[PDB]
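Notes for the one structure printed next.
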Amino acid sequence: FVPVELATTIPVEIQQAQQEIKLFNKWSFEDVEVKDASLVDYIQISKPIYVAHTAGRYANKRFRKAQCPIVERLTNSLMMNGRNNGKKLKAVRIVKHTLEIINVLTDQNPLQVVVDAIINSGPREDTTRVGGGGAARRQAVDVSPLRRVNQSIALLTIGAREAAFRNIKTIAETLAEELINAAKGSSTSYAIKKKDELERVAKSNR
Amino acid sequence: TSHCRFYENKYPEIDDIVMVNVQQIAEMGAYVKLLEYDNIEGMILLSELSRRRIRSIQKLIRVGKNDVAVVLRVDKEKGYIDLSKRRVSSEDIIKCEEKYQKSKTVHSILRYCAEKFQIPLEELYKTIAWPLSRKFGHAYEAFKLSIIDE
Amino acid sequence: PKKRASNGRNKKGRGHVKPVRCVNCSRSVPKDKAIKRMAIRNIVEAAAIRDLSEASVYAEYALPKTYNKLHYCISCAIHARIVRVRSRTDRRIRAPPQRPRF
Amino acid sequence: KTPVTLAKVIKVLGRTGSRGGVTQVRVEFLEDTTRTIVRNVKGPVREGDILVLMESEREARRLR
Amino acid sequence: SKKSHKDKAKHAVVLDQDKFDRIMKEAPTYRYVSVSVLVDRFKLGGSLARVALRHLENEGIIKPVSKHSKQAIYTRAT
Amino acid sequence: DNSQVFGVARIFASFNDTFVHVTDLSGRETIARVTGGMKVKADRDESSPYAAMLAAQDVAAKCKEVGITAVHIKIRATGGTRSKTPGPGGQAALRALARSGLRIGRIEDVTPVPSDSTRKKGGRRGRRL
RNA sequence: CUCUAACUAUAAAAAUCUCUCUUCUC
Ligand SMILES: [Mg+2]
Ligand SMILES: [Mg+2]
Ligand SMILES: [Mg+2]
Ligand SMILES: [Mg+2]
Ligand SMILES: [Zn+2]
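In order, the protein sequence lines correspond to chains F, j, a, c, Z and O.
Yeah, the first sequence ends on 227 if you go by the entry's author numbering, and it's all consecutive.
Yeah, the second sequence ends on 152 if you go by the entry's author numbering, and it's all consecutive.
Yeah, the third sequence ends on 103 if you go by the entry's author numbering, and it's all consecutive.
Yeah, the fourth sequence ends on 67 if you go by the entry's author numbering, and it's all consecutive.
Yeah, the fifth sequence ends on 105 if you go by the entry's author numbering, and it's all consecutive.
Yeah, the sixth sequence ends on 137 if you go by the entry's author numbering, and it's all consecutive.
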């Protein structure tokens, strides 16, 4: 469809009809719907980005951070320490296969699954250490939406890493498994487990 | 193999007094196991732990040994325990160690039986210990009466 | 030397005064060297004044005000920042600090 | 028991807590926007953001 | 060292006719296919998990989606 | 009229363990002595505003159970020997009452006021913290 | 040469020290 003549030809599939942006040439941002109202406008799926790598100046300003695509944030979190920071291609490939796995399991075009895991895993409540020395105890507080998505991402990546650590089941597999478990409400996900634990401890120090 | 909680059901009731052995501390306190009721994990927040000043945390946590426990809130829908070491007194500690011994002896005897027979120990508590605890209020006293009365 | 002309007492020709007691530290304190306040306030916190008003019978209410004459010792008062240490050329001004809000 | 509620913040009321890591603001429920509550939140925000709250009955005080 | 984990054989590394029977049987029925996943049912050590994976794509048994190094994914042929 | 079954809130607020206690207008047969101290855990919060709100919610449920609809507020501070000032959480208490269905009216402060009698335990120099 | 109103709330422990002491003129 839409056949185009070339002398230095490019493959047909990437030349077909693709004014229809897809992330990995196969996963569109179209019909990937925002669920949580307090988290809308804090997820960047809005802009259709072409791959999970963009050398953008995304730390200069206080709140330009929210302009970063969610896939980019998940990748950048996947980078681990000095070793994974220097290796963005590896993380991009890993997240690509992660979406591939998500597509394999119960279809559900994967981007919706991953954003639903994101919104589910975020602790809307937290404990703040306020007591000065004597009554050193935490107290109840609620959580900023940016902070929400940040710990959602952090719990996802920490669960993926801890499960994947010295374990045969590869990191892409662990991440996709956790994302599927977190798009639902099963405590099997480490991320949602920690989310509920913080919710409980906040409910204690109310 | 140690399983099949000594008492009736899986989830501890409200304000029931139990005994917990420390297993792992992250930052919040002793999210550890029970040795009187079911082995289900339960939170122990650090402020729910110390009567004296919190001077020696490591001397105080004493991983690998049992300690008193009072249940304040129970998760009866996904499985979690709110458990504390602050709502205790000495005369309460007395019945705590009493119950500790009472459960330990019955676990020892029925673990011996299940180990020797290779019969699932939950079936041992089902067929034997629970009917004795229903008739006589506790399987230990029932064994004591069995020694005299067949 | 002399800290103050009035010796921080404001007796100046009374021989003696019957002592009062602090609200916080609860010390016997001469009633004149007994810095004290009218903690005037409405019965309800300013935040909920709306809700209570439509949560009650007898519309066009008055919303009474609770009062108290609180006697503060020197130590507690200077502690809780309700009295500020001042320069000597600034101490002497006995005028109240000009109607906190307006 | 989740009578979940949502509140859009209208203004930033400075920042509280001895750390300076938690900021208090004035948030109004989207349902019946006529009423507001002052609440303290950990993490940067701005007005126009909306926050999900379980509880709708806390006017937390200046945390020290 | 004190290996308190006490890891048993945890798998077998030499294939067999009977585990071949299982491989041929549940080559379908597993809509997700990857090396770790196929290993995880006691049936392969893993070095020959790739060999069995190659054996899978012979007669339209399982279709590929990804075949990358270190990580390959299939779904049962429909 | 609105046929309201009038009760009395009789708030008992202090620097420790504020109380909630509803009864008849006279104060004859008491209803739900349960305070905020019956619902909080670490003793941090015997007089917390949240303890007051929890007590107020429980007593509001009790009042709906019995039929009381209008309630009369009688807040209290110890007076006499101790500080003459209301407990911190009591305000939240009354607010927690207002938000929780029950109608209110005739708020009163029965915080006693003495004529400088007896003494306040303390000693001359006062509390020596 | 015309104005009289609002308002809040920490107090956990910290004990001690033997040094050298030095000089200003057109
Ligand atoms: Mg002097
Ligand atoms: Mg004076
Ligand atoms: Mg002192
Ligand atoms: Mg000294
Ligand atoms: Zn004082």
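C-beta: ideal position from N, C-alpha, C; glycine also.
Residue i CB to nearest heavy atom of ligand 2 below 7 Å
i	result
j/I27	no
a/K34	yes
a/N8	no
a/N11	yes
CB of residue i within 8 Å of CB of residue j, strictly
i	j	result
O/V28	O/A63	yes
F/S165	c/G20	no
F/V55	F/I42	no
O/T126	O/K92	no
O/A60	a/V58	no
j/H140	j/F8	no
Z/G87	Z/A99	no
Z/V92	F/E121	yes
O/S56	O/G113	no
O/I81	O/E116	yes
Z/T102	Z/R68	no
c/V41	c/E58	no
F/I174	F/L95	yes
c/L54	F/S59	yes
a/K66	a/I44	yes
a/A49	O/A101	no
F/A204	F/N141	yes
O/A40	O/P94	no
j/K80	j/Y13	no
Residue of the options minimising C-alpha distance to residue i
i	options	result
O/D66	O/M46, O/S56 and O/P57	O/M46
F/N202	F/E220, F/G180 and F/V72	F/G180
j/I27	j/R64, j/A116, j/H140 and j/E15	j/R64
F/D52	F/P24, F/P131 and F/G103	F/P131
F/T178	F/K224, F/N102 and F/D163	F/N102
F/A76	F/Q37, F/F84 and F/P90	F/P90
O/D51	O/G130, O/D9 and O/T26	O/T26
F/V136	F/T29, F/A87 and F/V170	F/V170
a/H17	a/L53, a/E46 and a/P31	a/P31
j/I19	j/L36, j/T3, j/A32 and j/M30	j/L36
F/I139	F/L200, F/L99 and F/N46	F/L200
Z/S61	Z/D45, Z/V78, Z/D48 and Z/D34	Z/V78
Proximal residues to residue i (C-beta, below 6 Å), its chain only, five neighbours per side dropped
i	result
F/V61	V55
F/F50	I66 and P69
F/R145	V164
c/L66	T19 and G20
residue 5 of chain F	Chain F is shown from 22 up to 227; residue 5 of chain F falls before or after that span and cannot be answered.
Beta-carbon proximity list for residue i, same chain, < 7 Å, skipping 5 on both sides
i	result
O/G87	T119, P120, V121 and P122
F/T149	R159, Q160 and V162
j/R75	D84
a/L53	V45
F/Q37	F22 and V23
Cβ neighbours of residue i in the same chain (closer than 8 Å, five flanking residues each side left out)
i	result
O/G109	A68 and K72
Z/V40	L71, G72, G73, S74 and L75
c/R49	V12 and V15
a/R10	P31, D33 and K34
Contact test: residue i Cβ vs ligand 5 heavy atom, cutoff 7 Å
i	result
a/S76	yes
O/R132	no
a/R93	no
c/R49	no
a/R38	no
beta-carbon residue i near ligand 3 non-hydrogen atom, thresh 7 Å
i	result
F/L99	no
O/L137	yes
Residue i beta carbon near ligand 1 (any heavy atom closer than 7 Å)
i	result
F/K86	no
a/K4	yes
Given 8 Å as the limit, is there contact between the region 68 to 77 of chain a and the region 32 to 41 of chain a, that is, 3 or more CB pairs closer than that? Using a Cβ-Cβ distance cut-off of 8 Å, the region 68 to 77 of chain a and the region 32 to 41 of chain a are in contact, since at least three pairs of beta carbons, one from each stretch, lie closer than that value.
Per the contact definition of three or more C-beta pairs closer than 8 Å, is the region 192 to 206 of chain F in contact with the region 112 to 130 of chain F? Enough Cβ pairs lie closer than 8 Å, so yes.
Counting Cβ pairs closer than 8 Å, one from the region 96 to 104 of chain j and one from the region 125 to 139 of chain j, do we hit at least three? Not touching, per the Cβ criterion.
So, does the region 45 to 62 of chain j touch the region 86 to 93 of chain j, judging by three or more C-beta pairs under 8 Å? The answer is yes - the region 86 to 93 of chain j touches the region 45 to 62 of chain j, with three or more Cβ pairs under 8 Å.
Check whether the region 31 to 51 of chain j touches the region 183 to 190 of chain F, taking contact to mean three or more Cβ pairs, one atom from each stretch, closer than 8 Å. Output reads no: the region 183 to 190 of chain F does not touch the region 31 to 51 of chain j.
Given 8 Å, three or more beta-carbon pairs between the region 31 to 44 of chain j and the region 111 to 122 of chain j: By the Cβ rule, the region 31 to 44 of chain j does not count as touching the region 111 to 122 of chain j, because fewer than three pairs are nearer than 8 Å.
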